[PDB]
Amino acid sequence: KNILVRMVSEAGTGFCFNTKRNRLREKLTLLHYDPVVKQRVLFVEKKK
Amino acid sequence: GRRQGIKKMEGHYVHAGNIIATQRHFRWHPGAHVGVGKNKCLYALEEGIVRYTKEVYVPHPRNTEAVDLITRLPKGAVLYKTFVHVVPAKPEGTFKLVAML
Amino acid sequence: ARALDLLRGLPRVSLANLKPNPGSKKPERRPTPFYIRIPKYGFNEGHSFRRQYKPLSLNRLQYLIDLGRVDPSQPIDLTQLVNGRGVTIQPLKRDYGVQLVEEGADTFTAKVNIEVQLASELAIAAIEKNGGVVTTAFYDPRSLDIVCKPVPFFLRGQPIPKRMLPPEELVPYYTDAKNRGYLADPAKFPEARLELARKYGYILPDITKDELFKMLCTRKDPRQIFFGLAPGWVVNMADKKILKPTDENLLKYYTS
Amino acid sequence: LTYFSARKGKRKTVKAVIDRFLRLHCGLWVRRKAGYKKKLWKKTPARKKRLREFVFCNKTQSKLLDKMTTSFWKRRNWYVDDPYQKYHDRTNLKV
RNA sequence: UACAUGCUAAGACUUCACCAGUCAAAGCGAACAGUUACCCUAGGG
RNA sequence: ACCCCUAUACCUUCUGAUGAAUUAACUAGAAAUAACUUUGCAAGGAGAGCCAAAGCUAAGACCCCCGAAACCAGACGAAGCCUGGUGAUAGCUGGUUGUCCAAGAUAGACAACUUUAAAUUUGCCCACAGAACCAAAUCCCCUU
C-alpha cells in the first residue's frame, strides 16, 4: 500500500532523505531542510 | 513489568534533568519546575527538593474533553489532582567583584 | 652502621643460615558472544602503517641540558638524544623520530641547534626566542635505525646508506618554512621567524652576531645520516679508519 | 582463546576484538552501537543520534577484552593526529 | 497527523545482566527428509 | 572379660539405591597476560628487540585420573581382524591422597551469593510528612 521512497535535494546536492508515500498518489515533491547549504530547499524523488 | 512509578520520593534532592516519575497515564501532573515528556515522564527543570501536593485542576480551554467534563460538573464540585513540584535550592547566581577599575 | 656491629656478634653467615625475605614466596597450594554482536569499525584499520613520533618536551630538553647529558654547544641530533638517553625510540613499532613539544615553553632558557622530525609552532617559537635554531628533518625507517644506534650499524660492515626523501604526503611538510623543513627554501626562513617573533611578542635575535653562529648554522644535507660522514663510507672500528670508494659509478650512486 | 600457540608457544589475540574495539591506554574500551547503519529509515532522530555515538564498555567487558588481546595492543601509541589522543589519559579521577 | 520525524548537548530512566531501548534542560538553527524386529554406544526411569 | 546404660556401618547420588573379602605395592591439577607480595634500580627500567604520564626488571604463586560407538589409511585372513591416526571425540558416571586457623549456602535472565587485598564514607533498623483515578502491607525515611 505504501512505498519507502527517497528524495534528492535540488540544492545542496548529494543530500537525500527517505520518506513513505502511497502507491497510487502522484510524484512526491517536498520542501525540506538541508545542512549542506543550511537552508530549506525542494526535494524530488528519484528512486523507490 | 514496565517498571513504572515514582523514581524520586518526597524530600529527595534532585538535579536538573533528573526524572521524577514515569507514567502511562497522568497519575501525577507537572507542577512547578517539573517538565513533561512525550512519554509523559516527569523530569526536573531545576535543582532542588521534590514535593507532592494536591491542587485545583483547571484544564486548558483547548482541551475539549477536559473542558466539557469540567462543564458537566455541578456547581458543587471542584476537581483536584496530585502535582509534583521541585523547590529550587541554590540561588541562580551571585555578584562577584571582578576588577577594581 | 649498627647492623654491621650486630653482625660482629652473630654466627658466621653460611649456606646453612640463609632465608628468603618473608612475603617473597607464597606457599605452593596443592590438593552470540558480547564481542561479536557489536559492529566492526576501523579503529585499528591501518595502525601498523601509521607514523609515530616520540615527544620531547622542552622541560625534558632543559633538564637534559641542565645535567650535562645533552651538550648545547654542538648540534643536537637524534643520535645525541639517544646517547644522552633523553629519548628512546624504536624504529620497529613504526616510530619515525622525535616531535618537539611546547610543554615548558616558559622556563626554557637554552640556545640550541636541534633537529627534530616534527615541531609545533610554540616549541619553535620557544627555541628561536633564545637565539636557537630548529630544523625539521626526515628519516626513513632504515636511516632512523642507523641514527639511533650507529655503533651496532658500524659492526655490520655495510657502507653508510643515503637517507631517502619523504614520501609524497610528507613532502609539503618538509618543504615549508613555517615548520622549518630541511627541504624548504632558506630565503623564506627570515619571514617565518619574524612572523613567529611578532605573534608571540618577542624580538627575533639575529644569530649572525653570536660566537656560536657557525655551529647554529650547521645542517647536514639530505641523503646524509651522520654529520661529518658521507654515504658510501665504511667505518673500520677495529683499526679506527674510514674507507671511501673512488669508483665512478659508486660515487654517482652515493651522491644522488 | 589460544594461550600457547603451536609455532611460538605464545598467546594469540582474538582479531574480532581488534576489528570491533578501540582500547584507550587508560584501560577504557570504546565501541560503536549496534545498528548504527542498519535500517535507519524508521528510527527516530534521537535514536539515530544515540546510535551514531562512541560508547564505553563495562568493567567486566573491559577485563574480558584485556584477556583476549596481547600486550602490543595495550601499549602507548604516539600517532601524529590521532582524534583520540586526549582520551588516552585519565583526568581528575578519584576512584 | 506531520514534513526542523533538523543539529547539538547537561542530567536521568529501563523488564532484574548484556545487547538493545526511553525522557530531556540549556545552546545553534528555525516556527511563532523418512526409517532400522540388524540398529550400536554412554546414561536415565 | 560379659552382664548395666548409650550408641540406625561407611562412601557416592538424590531435597534429605552404588561400591567395597583382606593385605602389600602402584594409582590421579600440568599455563605467570595482567594484578598482588617481596627485592633491585628509578623519569627511567631491562645483558639489543620491549615497556614507561612511577615505571620497569626479577622471583613467588592458577588451571587432574580412568572409562564409547565411530571415521580414515595400510596390511592379514575368509564383512571380519590387526596396526597406525589415537592419550580420537561426545556424553555421562566414578575417583581425585597430610594438619591447623580465618572467611564462607537459594534471586534470576551473564547475573546473585561467596574469597582475598585496597581506598573511602556512611550502611542497616527507621517518624512526621509523602506516593491514582478507575486487606495484610510496600516504597521513602530523620531520630535511635
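Proteins come first, then strands; the chains are lettered A, B, ... in the order of their sequence lines, and each starts at number 1.
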A.B. asks: Out of E/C3, E/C13, E/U8, which has the shortest distance to the side chain of D/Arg52?
C.D. replies: E/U8
A.B. asks: Are any of B/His29's side-chain N or O atoms less than 4.0 Å away from OP1 or OP2 of F/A132?
C.D. replies: no
A.B. asks: Mind checking the P distance from E/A12 to E/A25? Whole angstroms is fine.
C.D. replies: 16 Å
A.B. asks: Using a cut-off of less than 4.0 Å, is there contact between a side-chain N or O of C/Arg69 and OP1 or OP2 of F/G44?
C.D. replies: yes
A.B. asks: Does B/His15 place a side-chain N or O at less than 4.0 Å from the phosphate oxygens OP1/OP2 of E/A25?
C.D. replies: no
A.B. asks: Should the pair A/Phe43 and A/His32 be assigned to parallel (<30°), tilted (30 to 60°) or perpendicular (>60°) ring geometry?
C.D. replies: perpendicular
A.B. asks: Does F/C50 have its OP1 or OP2 closer than 4.0 Å to a side-chain nitrogen or oxygen of C/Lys93?
C.D. replies: yes
A.B. asks: Between C/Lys54 and D/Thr60, which residue's closest nucleotide on RNA chain F lies nearer the 5′ terminus?
C.D. replies: C/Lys54
A.B. asks: Would you mind reporting whether C/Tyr139 and C/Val147 have side-chain heavy atoms less than 4.5 Å apart?
C.D. replies: yes
A.B. asks: To the side chain of B/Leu45, which of F/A61, E/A25, E/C18 is closest?
C.D. replies: E/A25
A.B. asks: Ignoring backbone atoms, test whether D/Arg75 places a side-chain nitrogen or oxygen under 4.0 Å from the OP1 or OP2 oxygen of F/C51.
C.D. replies: yes
A.B. asks: Taking NZ from D/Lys42 and P from E/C3, how many angstroms apart are they, rounded to a whole number?
C.D. replies: 23 Å
A.B. asks: Ignoring hydrogens and angles, answer whether the base of F/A53 and the side-chain atoms of D/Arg76 contain a donor-acceptor pair closer than 3.5 Å.
C.D. replies: yes
A.B. asks: Report the nucleotide, chosen from F/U39, F/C140, F/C50, that has the shortest atom-to-atom distance to any side-chain atom of C/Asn21.
C.D. replies: F/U39
A.B. asks: Looking only at the side chain of B/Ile19 (C-beta and beyond, no hydrogens), which of the listed nucleotides E/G21, E/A12, F/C140 gets closest?
C.D. replies: E/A12
A.B. asks: Has the side chain of B/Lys54 got a donor or acceptor that lies under 3.5 Å from a partner of the other kind on the base of F/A132?
C.D. replies: no
A.B. asks: Hey, is F/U15 sitting syn or anti, using the within-90° cutoff around 0?
C.D. replies: anti
A.B. asks: Would you please indicate if the ring centroids of D/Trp73 and C/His47 are separated by under 6.0 Å?
C.D. replies: yes
A.B. asks: Establish, yes or no, whether the cationic atom of A/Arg40 lies under 6.0 Å from the six-membered ring centre of A/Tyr33 and within 45° of the ring axis.
C.D. replies: no
A.B. asks: So, is C/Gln90 near the phosphate of F/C50, with a side-chain N or O under 4.0 Å from OP1 or OP2?
C.D. replies: yes
A.B. asks: Consider the side chain of C/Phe34, meaning its heavy atoms from C-beta on, and name the nucleotide among E/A4, F/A59, E/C18 that approaches it most closely.
C.D. replies: E/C18
A.B. asks: Please check the phosphate of F/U37 (OP1 and OP2 only) for any side-chain N or O of C/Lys25 closer than 4.0 Å.
C.D. replies: no
A.B. asks: If we call a positive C1'-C2'-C3'-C4' torsion north and a negative one south, what is the sugar of E/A31?
C.D. replies: north
A.B. asks: C/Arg85 side chain N/O closer than 4.0 Å to the phosphate oxygens (OP1, OP2) of F/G44?
C.D. replies: no
A.B. asks: Going by the glycosidic torsion and a 90 degree boundary from 0, is the base of F/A24 oriented syn or anti?
C.D. replies: anti
A.B. asks: Check the phosphate of E/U22 against D/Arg47, side-chain N and O only, distance under 4.0 Å to OP1 or OP2. Yes or no?
C.D. replies: yes
A.B. asks: Decide, for F/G80, between syn and anti: a glycosidic angle within 90° of 0 counts as syn, anything else as anti.
C.D. replies: anti
A.B. asks: Counting only heavy atoms not in A/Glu26, do more than 12 fall under 6.0 Å of its CD?
C.D. replies: no
